[PDB]
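Please read the structure below before turning to the comments.
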Amino acid sequence: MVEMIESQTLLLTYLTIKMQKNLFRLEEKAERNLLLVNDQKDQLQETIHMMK
Amino acid sequence: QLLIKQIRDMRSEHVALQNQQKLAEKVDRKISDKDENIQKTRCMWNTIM
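Sequence order for the protein chains is H and F. Counting in PDB author numbering, the first sequence runs from 159 upward without gaps. Counting in PDB author numbering, the second sequence runs from 197 upward without gaps.
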């Protein structure tokens with residue numbers, strides 16, 4: 159019984175570490191994409207204001 | 197999604213404003229004489245009053 163629980167713990171832990179590593183990579187790519195688009199928004203906003 | 201919507205709206209606004217500026221520049225060359233005309237008018241009034 160102790161050997162079975164340990165095997166379960168190993169599976170869960172493996173899944174967890176694998177997911178966390180791949181999630182951090184997505185979050186970083188996402189934030190970068192948002193900042194790039196936000197910067198484009200900011201340039202357009204300044205040009206519109208000057209024209210007005 | 198929010199950012200996409202905002203950029204689209206701003207682009208539309210920018211085109212509209214560009215059309216309005218092109219109509220206004222056909223009138224402006226002669227501005228180099230404003231401060232001088234105001235002071236001239238003020239001076240004429242001061243003389244009369």
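We put the CB at the ideal spot given by N, CA and C, even for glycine.
Original post:
From the beta carbon of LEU219(F), is the nearest beta carbon of chain H less than 9 Å away?
Top reply: No - not a single Cβ of chain H is within 9 Å of the one on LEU219(F).
Original post:
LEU202(H) and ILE203(F) look like a contact to me (Cβ under 8 Å); what is the Cβ gap, rounded to whole Å?
Top reply: The beta-carbon separation of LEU202(H) and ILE203(F), rounded to 7 Å, stays under the 8 Å limit for a contact.
Original post:
Using a beta-carbon distance below 9 Å, is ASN196(H) in contact with chain F?
Top reply: Yes - at least one Cβ of chain F is within 9 Å of the one on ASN196(H).
Subject >> is_contact[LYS187(H), chain F] using C-beta, thresh 9 Å >> reply: By the rule that beta-carbons nearer than 9 Å mark a contact, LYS187(H) does not touch chain F.
**OP:** Using a threshold of 9 Å, state whether the C-beta atoms of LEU199(F) and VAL160(H) are closer than that.
**Re:** Contact flag unset, no.
Subject >> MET206(F) and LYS199(H) closer than 9 Å at C-beta >> reply: Contact: yes.
Original post:
Using the beta-carbon of each residue, which ones in chain H are nearer than 8 Å to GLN202(F)?
Top reply: Those within 8 Å of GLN202(F) in chain H are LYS199.
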